[PDB]
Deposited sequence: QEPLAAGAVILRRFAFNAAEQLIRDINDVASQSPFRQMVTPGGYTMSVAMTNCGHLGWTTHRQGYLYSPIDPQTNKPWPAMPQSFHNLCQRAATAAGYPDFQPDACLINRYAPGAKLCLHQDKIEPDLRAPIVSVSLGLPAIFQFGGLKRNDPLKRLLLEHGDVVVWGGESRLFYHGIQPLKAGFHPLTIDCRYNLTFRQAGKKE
């Protein structure tokens, strides 16, 4: 449990023991709602490929960003949140000092070599974010409330969990372009799980 910011902590290798099962469940989720690279409102295809599980999934469309109960690619509900995901999330939230967190949304990100996520805030209720890294390492940027607030850069390795909330809830953060490499469990990619409470 390392002090990233007010309300924020990195729990290194927290999910290491759970990771094989987590990855099996990512595969099961994506067999129903496939990974897709979404298109921004501005018309650019994101380098990260995404899917979701739980009641609500994050998606883009022409008018903005949206949490939706329906996957617009399949026209069916997102797959149910795996119990492995929910149990890990709750354990990590508890360890980070957010014992009452009840997520209803899990965004699954797959990073191939070169994929990034430019600095952004998680907007759209005042609950924490629990963010689980799997596979290849990546450099995570964590800033402040303003885009030009100085950035901490942290290598996130397989099994690391970052939790933010309270004063750091809306802080800008991001992922630098993924370096190529090998990981025994994911082979050639990084996955992240982002748990939120997106609904009432």
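Residues 125-127, 204-205 of the deposited sequence have no C-alpha coordinates in the structure.
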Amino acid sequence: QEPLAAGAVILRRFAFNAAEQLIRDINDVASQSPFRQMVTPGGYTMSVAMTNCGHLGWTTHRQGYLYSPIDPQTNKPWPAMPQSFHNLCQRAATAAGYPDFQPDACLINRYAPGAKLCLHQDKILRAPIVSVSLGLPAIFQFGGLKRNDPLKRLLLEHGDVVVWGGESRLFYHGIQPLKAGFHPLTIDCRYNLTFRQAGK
From here on, numbers count along this sequence of modelled residues.
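Annotation for 1-9 versus 189-197: the higher mean temperature factor (C-alpha) is found in 1-9. Stretches 140-148 and 45-53 differ in mean C-alpha B factor, with the higher average recorded for 140-148.
Highest C-alpha temperature factor among 133, 63, 37, 40, as the PDB entry reports it: 63.
The maximum CA B-factor among the listed residues 92, 115, 105, 125, taken from the PDB record, is found at 125. Per the PDB record, residue ranking by Cα B-factor puts residue 166 in the highest third of the chain.
Split the chain's modelled residues into thirds by C-alpha temperature factor. Residue 72 is in the middle one.
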